[PDB]
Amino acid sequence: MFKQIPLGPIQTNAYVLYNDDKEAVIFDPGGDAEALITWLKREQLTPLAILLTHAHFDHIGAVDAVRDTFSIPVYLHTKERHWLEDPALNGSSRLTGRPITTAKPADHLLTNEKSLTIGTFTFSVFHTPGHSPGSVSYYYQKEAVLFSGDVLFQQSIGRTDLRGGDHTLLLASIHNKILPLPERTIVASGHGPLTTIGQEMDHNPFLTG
């Protein structure tokens, strides 16, 4: 009940989660806005919200166009609230030499909520910093999928060398908050192929402790 959609030159994975009523939740629309918008329209899906795992430039480049086209709210953790509009904070200037920004701040700011309901989609919310200070992971129990951004990938873990990066915090997020989830849970991460909690527990070389 979701699609992984790599977008932009970085090929960061956006996700569209949907239901049988053709309503949808968008995660991390990072680039190539027109490819994402036209796909949603071809599929006759009605998006309800944009949920951001974090505000690095490669996850936000299509936010303006998607937000404007569909008149939907943007959710982001308060610790990164300044990052959307500031290219000196979100990595674009430093990592690519060009500024990437939104034109408006997020209209919903997350803090310590453990649950979030978007229409009839309910998520458990975990604050999972280490790759970035406002990184959050959205667990959708109904279809056993975790939209965890750049914390945990297939065969690797998030880089901890960017603004506010902290490897000691990232490993705690992984061991204490992500890996206790059910082993069949799909890890729908920001970069690379899908995986599951169980597969990474057994085979991710950065997770032998």
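Residues carry their position along the shown sequence, with the first being 1.
As listed in the deposited structure, the average C-alpha B-factor of 108-116 and of 74-82 is greater for 108-116. Higher mean CA temperature factor between 94-102 and 128-136: 94-102, per the PDB entry. Residue 171: CA B factor in the lowest third of modelled residues in this chain (values from the PDB entry). Ranked by Cα temperature factor within the chain, residue 182 sits in the highest third according to the deposited record. When all modelled residues of the chain are sorted by CA temperature factor, residue 42 is found within the highest third. In the PDB entry, a CA B factor belonging to the middle third of its chain's modelled residues is recorded for residue 11. Sort the modelled residues of the chain by CA B factor and residue 189 lands in the lowest third.
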